[PDB]
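Engineer: Provided herewith is a single structure, encoded as structure tokens, for subsequent inquiry.
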Amino acid sequence: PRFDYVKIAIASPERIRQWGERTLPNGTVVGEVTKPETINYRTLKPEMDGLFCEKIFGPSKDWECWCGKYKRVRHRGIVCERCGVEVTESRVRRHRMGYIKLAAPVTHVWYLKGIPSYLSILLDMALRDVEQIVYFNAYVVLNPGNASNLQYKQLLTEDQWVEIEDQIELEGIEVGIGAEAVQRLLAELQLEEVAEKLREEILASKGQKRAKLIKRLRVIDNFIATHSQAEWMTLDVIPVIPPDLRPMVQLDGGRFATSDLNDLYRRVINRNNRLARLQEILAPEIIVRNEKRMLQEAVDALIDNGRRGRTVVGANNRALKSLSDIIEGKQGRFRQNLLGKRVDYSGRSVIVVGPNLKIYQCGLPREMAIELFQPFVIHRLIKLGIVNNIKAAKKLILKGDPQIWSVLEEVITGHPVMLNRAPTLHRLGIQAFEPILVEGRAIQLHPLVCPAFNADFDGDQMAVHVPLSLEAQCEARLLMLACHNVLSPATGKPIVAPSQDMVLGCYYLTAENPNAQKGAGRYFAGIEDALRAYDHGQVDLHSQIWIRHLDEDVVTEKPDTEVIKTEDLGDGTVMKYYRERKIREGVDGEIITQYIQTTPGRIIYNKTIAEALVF
Amino acid sequence: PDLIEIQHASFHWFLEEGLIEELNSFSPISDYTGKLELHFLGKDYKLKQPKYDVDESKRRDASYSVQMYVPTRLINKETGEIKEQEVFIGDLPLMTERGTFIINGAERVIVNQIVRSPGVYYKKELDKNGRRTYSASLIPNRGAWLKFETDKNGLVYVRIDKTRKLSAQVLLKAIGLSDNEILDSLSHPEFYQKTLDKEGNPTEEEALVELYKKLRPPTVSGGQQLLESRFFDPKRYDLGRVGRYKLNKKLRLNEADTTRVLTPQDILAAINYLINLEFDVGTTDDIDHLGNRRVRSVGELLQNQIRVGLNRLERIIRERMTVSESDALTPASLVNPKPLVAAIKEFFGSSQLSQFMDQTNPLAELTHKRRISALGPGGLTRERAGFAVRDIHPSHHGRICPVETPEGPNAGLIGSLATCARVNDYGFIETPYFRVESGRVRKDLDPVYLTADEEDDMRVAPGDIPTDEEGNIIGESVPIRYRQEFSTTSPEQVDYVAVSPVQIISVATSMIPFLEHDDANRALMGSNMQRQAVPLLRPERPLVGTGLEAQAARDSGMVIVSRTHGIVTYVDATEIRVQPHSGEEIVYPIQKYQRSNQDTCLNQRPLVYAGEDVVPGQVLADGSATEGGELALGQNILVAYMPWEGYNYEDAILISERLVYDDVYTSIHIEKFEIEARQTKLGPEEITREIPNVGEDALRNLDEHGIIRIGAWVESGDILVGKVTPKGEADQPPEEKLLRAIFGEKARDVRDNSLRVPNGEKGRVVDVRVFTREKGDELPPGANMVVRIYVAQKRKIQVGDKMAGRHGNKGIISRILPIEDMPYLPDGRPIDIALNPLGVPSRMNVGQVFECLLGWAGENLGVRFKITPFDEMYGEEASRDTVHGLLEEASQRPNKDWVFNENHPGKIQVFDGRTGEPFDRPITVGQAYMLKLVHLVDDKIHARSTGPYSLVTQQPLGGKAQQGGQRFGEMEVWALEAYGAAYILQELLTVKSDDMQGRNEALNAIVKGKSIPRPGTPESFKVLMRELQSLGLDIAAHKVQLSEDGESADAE
Amino acid sequence: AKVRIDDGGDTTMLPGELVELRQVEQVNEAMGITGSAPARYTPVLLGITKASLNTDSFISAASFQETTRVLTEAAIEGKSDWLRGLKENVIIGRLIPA
Amino acid sequence: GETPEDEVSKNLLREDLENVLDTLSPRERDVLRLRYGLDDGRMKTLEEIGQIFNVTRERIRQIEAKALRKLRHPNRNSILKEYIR
Amino acid sequence: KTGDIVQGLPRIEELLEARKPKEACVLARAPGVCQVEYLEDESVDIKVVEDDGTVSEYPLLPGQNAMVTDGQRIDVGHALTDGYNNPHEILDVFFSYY
RNA sequence: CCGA
DNA sequence: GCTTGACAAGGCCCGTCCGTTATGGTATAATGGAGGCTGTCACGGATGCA
Ligand SMILES: Nc1ccn([C@@H]2O[C@H](COP(=O)(O)OP(=O)(O)OP(=O)(O)O)[C@@H](O)[C@H]2O)c(=O)n1
Ligand SMILES: [Mg+2]
Ligand SMILES: [Mg+2]
Ligand SMILES: [Zn+2]
């Protein structure tokens, strides 16, 4: 569907339970994971309450219950009365999530051990003190009533608390430890009262205190605008990811391939069930206190492994990948699967040089082209009445036929193809070409587009991509075709220009050479006369040649406009001499003729320019 | 000397003396009751014969191992019960005659690791500008590190590996030394007594209580046992032989070498040196100097892994003795060999040091065994690799080659041992030098082999100084290196000189002729490409070489070398028989068309005939990239440095068809295919001839069991092994149900699972070995039978193949011309290859023109020259004068005077093959030695329409082996965004990856010729949404429409 | 582009907040039409990493760098992403708005 | 999972199957469609066709038998014969 | 050091990240400078006096810095010493002056 | 480990 | 264009039947853990300490 915006917030326990709970027609919710079992070892089926359970997450097969008896497709939207598994398609295990109901409150490690550690900001305490209370190393005073030596949010050791028990003072003094104390401290904080106290405190305070008051006030003002409670930073319910995002597949050899998220959830469920067992049978407090600290360290390793304490490792002391580790890095979800993907209808090969081949044309190998254009060939083989379905078309494509090559030749005509060479440092690293079928295995590249790709022919490979839609073919032709990409986008200067052999060939063609002077100083009646004399073998390539040429757009090295000498002729005619020109003009208002000293190679160069441009 | 002598000497030291030290530090063990004692007799340990040899272990995917039996003896403390029994202790893989190991059917080498040597090291770190403060570090072979400190006030602070700083007087009184001998041992007691007051002076009992307060109920007996267990106990602290040697050397002690523990005299001497360094006497150490770095080969690493496994084994034996109250056991019941086998298998399988072997050619095989890597366990981390550890040190001169190094991210980390280098008994690299007396190079006896004893002491000259024969060093200035500085001195002050001008370089760099006329990066590229050449069908020796080719071919191990004098009596293509004379027939087996690790050929050919005398050391058979007993990696072909019609434009290569029809550059590649008939829960997989949906003539090459025969031709898609598996779901859609209602069509219970040839990969079947458990074999568990198929193919030269010379001049063939179109010489001979002349002066590899001109002179003479590098010691312009003089002498032949022109020396006239006209300028022709590399176009071409997908992301896979797609990374997305092209980018991200309904709809619309519909939400975004929800974040998408907000369901 | 706020008089802009100067000027004019006391500011210069993380979109800032901190401050501030830019529509799967 | 090629092949097979079946008599076409679930997604027995109609299940088996015999004709039915694997 | 892009590109990165270099000292008003130097033996302090105010400002200078001012009309953000300028101080000086 |  | 009767085939369904599986227990005395770092560099906050 369509949506307009995405909003992020803090999840309440009722919202986490709302993601996981699903009701049955009998009147029973099924969303809670209570056992750390995954699948049965004998038959490879998921267990009836666990991390892969079919009552919570859905069936493993399409339209089939767990216990049997509903194997057909005809029972749709029904729930089995014996087992409890809804007879649905098996792709709901990508979406359906569950939850774990904790026996003790736990803190989210993102809000405690981050920077700037919003829990200690909102609680107005130091980070080491809150980290000492949460991990059961110190107490805190929740009720400071009837004491002068005790105050609110004051930390005590175990010795200081057992020596307070000497006085049994003579009133009700409460203490707390763990995330229960933090949840009770956050639950009794009146947000509007602390906000108006901070606004009444900032106007009359010091300099460095005021920045801390501004930071606490701007943290507190977010909790009133979002209408979220401060005690939601401590977790009572833990959401469980769907089982198809933590898959457990079997390799050829009998060994199972698991993901690291199953071990972390298994540790959380094991320590939760042991904590419930210890609280049921009234164990001593040193054993129940170590079990709550271990559950606290288990939830933190599932969320962010190695953020606070020791990193939980696996088999070869490799750290387990957690819920933030699968998204937070350059191998995470954003940089590896969302901003860049692997694509269909693509291939690659080594590149060779492509002379006697135009620009906007790439040489595409034939065995590469039957694979990339396979559904377009399959469509044409049915439209021409050769075959009738996809199976006969695929059979004739793989078996080899001379009909397939003519079909592919008439299919790839006018279909542009994008070429790419890594690294793609700028825009000209992806350009579109019109393919022609070459024989061999390398891709033939035109030599003028090689500085745009930074590509030479000593081992470079290029990827090939085929646009499918008609909007995608019109965009490859009108916006990305290689004959429209002459100018750079960084400067205004042309990228497509001769280089490294055409420059040397044009330098040799138009140079001066005193050794090769055959027929030097001869007079010719224009450009075509000297071009005919060169192909007849009359002159050399660097001979000094006078050319009758009436145009005045002549540019030379160190351009001359001054007259060297003048020889006067009869009938009022002046013969003006230049360094590389000879102009005969009339007396008053006319020019008669003009000769230019040049080489035949310069004449070849200018004839090439003139027949290339004016057409 | 041999070139793989470090591998051979280290494994011989392990088999002779290294394991005995572990078995002697092992014994004896005892129980906690003190009534049983088990001790291992290590000196008489036995080795069983291997179950299979080299080739039968290679083809069975097994190891080449021996069984190791250590005889034990159980003595009894209640009565005179002596129980002696041979006990199996583990499986040790044996080093082959080439210096390699065979682990799971693959050849493997254990590369040499360079680490910091044990001993005491001092450094001088400082503040902003602050005080010159000095710090010590005592490094053992194994155990805790003892460090020392000085601050700006001057406090001597000692610390253990991770702890905070405490005082050296507290450590010294914690040992048990008197305060008398502490300040009576020191040279300057006034500096130490300054720290005595601020830190205080404890008693012997008062000091033991305050280390336990810092290292960890503070007790003195617990801290005494703690420090006795850290530094002074065996089997928890080993200083090592090299550590004792270097610590006696630095601190000038004559302590006995048998003591391998730390003593308080050593700590007193280290305190004395650290205090004396604050009064400007003594020398601070260098961490990158090759006197402080040693090489650990395969003996030490096996010794350490066996130590760890024996620690586990004796823990198991002590637990089994302490639990069992009943006595009178057998020694074979108390020994569990499984941790030692597990440790040895872990070391040989999953180590950074145990590397998959480079077996492309003999040069790559020889170079891989001499690699010196700084990475690994106990070495370095690539993230902790700065610039100074990748720099070239002056102590590397002669010992480590400055040229040969990787070009990738591990540049400067993995080095190569130089040619004349050698590792001594303590692990340090030494180089031979000739003595120089009164300005005369001595050269009378063996050289000295200085182990970096030549920096602070000797003036060493290189081996390219001019010197008249049987005489002094000519010239009044000799270039020397001294105190890690280059300088020039008189010849009467020179102490040592090098023995060879190629002492600075490795073997593959010494293969390059005219090396001093090339750039160093191009020499690196030439060495790297020389290690990547494929062995050709008819190998040929170079017309210009250097001289190390025969020794490289002898020490690679691909050459059958004779051992005795004798007369060869019988030679065929598989066997050479010779009776020795100076159990009277030596049979040398000759291997025929075996497969290397890189799918190349390992073939040997006989050279000797029947009935001729044979000297020991004579080459009897030569290998795949070897002919005439010398290394032969490529062929000699006729070059012309000229541009064609854009066909050698930007390092492209134009060749002729003569290199195709004359079988030049034709190589053999053998591929290997393996299939297992596994055991499934639904039934056993069987290998059969009856396959469903397979026609009539697709089974001609299969035998009666469904397997191909030897000598059959296979192409892409042909069946190699027919296999079926019993599918058992049988969930058919209504379309298939109606189509089987109409036309009969009984659906079978098995499905096709046959082994087929991949796309391409045609060839001939040469080996169809089948392994079955009831034939005597034993398999991986869960597999009934295993079939292994070897397919060989002859690959000719092709457009798109890579081609290179010895000077870093690579290139891709882009056109193959006929010989009537190739340019030709004034005797009518056409050119084999045209190279672009613009690739020479920009890349600055001038030695290829020297090599081609000298090879062409040797072609016109017929002499096969050999020139050592750095030949300018014999005069100015020596290479140029040699080349042009030999070209003149080749042109003085009675029929060949067109070979050399005195007006333009290196060039002659070349005619065009198409028109007959000569080119306008003379062209440099020659005979170059070109190579064919492993990078062929058949292994590079790949294409995908639609294949498999990933598990969670549901995006296409990657890789050629799994029909994967190309990655359209983030830079390509930026390039498409810098254009317009919003629709190309949208179809690249949705209907070509991880949108399954869009995939099906796009394929159906293309096949039926209609418009492709609009895509939906991609699959990986929903995965990200579920992951962010499972982290505990209430993230949701919303939609606004006519004054209404509603949460949208993206899972739909 | 940005500016730092101090003297937060009669405005919903606490000190320390990085706002664009055009937005502070629009708020100052549209509250100076009511004759109220405006907000002072001092201009700041950010680097290319701090200006990338101080954008209005948490999806782009989370996909760029420091995903945990950006997602924590976005979850506590309760902010919305209105999908205005090239990087968000690539992640969503839509046509880019260029 | 199932490839997009198998999806498009079975969809073209479904379209060609419906276009072949709607050429014969309208009664036998829907009998064959309700028999194998080409419209309901539920394969039914012979009697429940007799409750869709009221004529009982013995005529239904003869109807589907002669419909299969008409679709098994060699002439004008080989468009579906290429899907034979 | 050597001149190539390996040494020029860290300058680009520290310019685009708006970092602060080690040595920098700019003016804080727009005065009319007249140089006074008595002894250059590792002790130089630059004297400069304004036009509008009676109280003058003379920026003190530690010995490793030098002087580039030879006498001109010094404006607000002018650089008096040698060293890499930081744009934070330029923005601060201009805003605090105007 | 190598290639661009 | 249907209809009734014979001949079998095969899913549901409720008994035993034996292999698997969960659970409880064992009585000399035993009472604080092995096990690696120790060669990267630079910047920005956040303590923390004199
Ligand atoms: N670590 C590397 C190495 C190489 N490249 C790419 O590969 C090309 C390497 O070109 P190559 O042909 O290997 O070397 P040249 O620069 O052409 O030099 P030469 O002709 O001497 O080989 C570079 O332009 C670069 O774009 C890269 O992206 N990353
Ligand atoms: Mg290249
Ligand atoms: Mg190149
Ligand atoms: Zn059921």
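Chains as they are written, first to last, in the deposited numbering: chain H, 7 to 174, 180 to 626; chain X, 10 to 225, 229 to 594, 602 to 1071; chain Y, 1122 to 1219; chain A, 341 to 425; chain B, 975 to 1072. Ideal Cβ positions, reconstructed from N, Cα and C, are used throughout, including at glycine.
1) Go ahead and label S66(X) buried or exposed: buried means 16 or more other beta carbons lie within 10 angstroms of its beta carbon, across all protein chains shown.
2) In whole angstroms, what is the alpha-carbon distance linking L459(H) and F626(H)?
3) Who pairs with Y606(H) in a beta bridge, going by DSSP?
4) Work out the CA separation of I389(H) and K1208(Y) for me, nearest whole Å.
5) If contacts are defined as beta-carbon pairs under 8 Å, then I441(H) and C373(H) qualify, I think. What distance do you get, rounded to the angstrom?
6) In whole angstroms, what separates the C-alpha of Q76(X) from that of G37(H)?
7) Any chance the CB of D467(H) is under 7 Å from a heavy atom of ligand 3?
8) In the DSSP assignment, the beta strand (DSSP E) including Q402(A) goes from what residue to what residue?
9) Distance check for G33(H) and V85(H), CA to CA, integer angstroms please.
10) Let's see if you can read the secondary structure: which residues bound the alpha helix (DSSP H) around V310(H)?
11) Would the beta-carbon of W72(H) be found less than 7 Å away from any heavy atom of ligand 4?
12) Is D530(X) closer than 8 Å to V129(X) when the C-beta atoms are compared?
13) I'd like to know whether the C-beta atoms of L456(H) and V361(H) end up nearer to each other than 8 Å.
14) Using a Cβ-Cβ cutoff of 7 Å, what residues of the segment 1049-1062 of chain B are near chain Y? List them in chain order.
15) Could you tell me the distance, in whole angstroms, from the CA atom of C71(H) to the CA atom of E87(H)?
16) Between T159(X) and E290(X), is the Cβ-Cβ spacing less than 8 Å?
17) By DSSP, does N484(X) sit in helix, in strand, or in coil?
18) Can you tell me whether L479(H) is buried or exposed, with buried defined as 16 or more other CB within 10 angstroms of its CB?
19) On the three-pair Cβ rule with 8 Å, is the segment 931-943 of chain X touching the segment 796-809 of chain X?
20) Examine ligand 1 and report whether any of its heavy atoms sits within less than 7 Å of the Cβ of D978(B).
21) Helix, strand or coil, according to DSSP, for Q591(X) in the structure here?
22) If you measure from the beta carbon of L1167(Y) to each beta carbon in chain B, is any gap under 8 Å?
23) What is the rounded straight-line gap between the Cα of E734(X) and the Cα of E646(X)?
24) Taking the DSSP output, what are the residues bridged to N431(H)?
Structural biologist: Per the coordinate set shown:
1) It counts as buried.
2) The alpha-carbon of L459(H) is positioned some 22 Å away from that of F626(H).
3) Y606(H) has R559(H) and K593(H) as its beta-bridge partners, per DSSP.
4) Taking the CA atoms as reference points, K1208(Y) sits about 36 Å from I389(H).
5) Wrong, their Cβ atoms sit about 13 Å apart, outside the cutoff.
6) The alpha-carbon atoms of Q76(X) and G37(H) are separated by roughly 57 Å.
7) Remark: the shortest separation between the CB of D467(H) and any heavy atom of ligand 3 falls under 7 Å.
8) Unbroken run through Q402(A) is the alpha helix (DSSP H), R397 to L411; no beta strand (DSSP E).
9) Cα to Cα, the separation comes out at about 12 Å.
10) Looking at the DSSP string, the run of the alpha helix (DSSP H) that includes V310(H) is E296 to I314.
11) Between ligand 4 and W72(H), a heavy atom-to-CB distance of less than 7 Å is present.
12) Inclusion of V129(X) and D530(X) in the CB contact set at 8 Å is not warranted, their separation being larger than that value.
13) Against a cut-off of 8 Å, the Cβ pair of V361(H) and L456(H) comes out as no contact.
14) For the segment 1049-1062 of chain B, which is checked against every Cβ of chain Y, the residues closer than 7 Å are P1061 and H1062.
15) Spanning the two alpha carbons is a distance of roughly 10 Å.
16) Yes. Within cutoff.
17) The DSSP-derived three-state label of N484(X) is strand.
18) Result: buried.
19) Because the criterion of three Cβ pairs below 8 Å is not met, the segment 931-943 of chain X and the segment 796-809 of chain X do not touch.
20) Not a single heavy atom of ligand 1 lies less than 7 Å from the C-beta of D978(B).
21) Strand at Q591(X).
22) Closer than 8 Å: yes.
23) In a straight line, the C-alpha of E734(X) is about 33 Å away from that of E646(X).
24) Beta-bridge pairing links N431(H) to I441(H) and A474(H).
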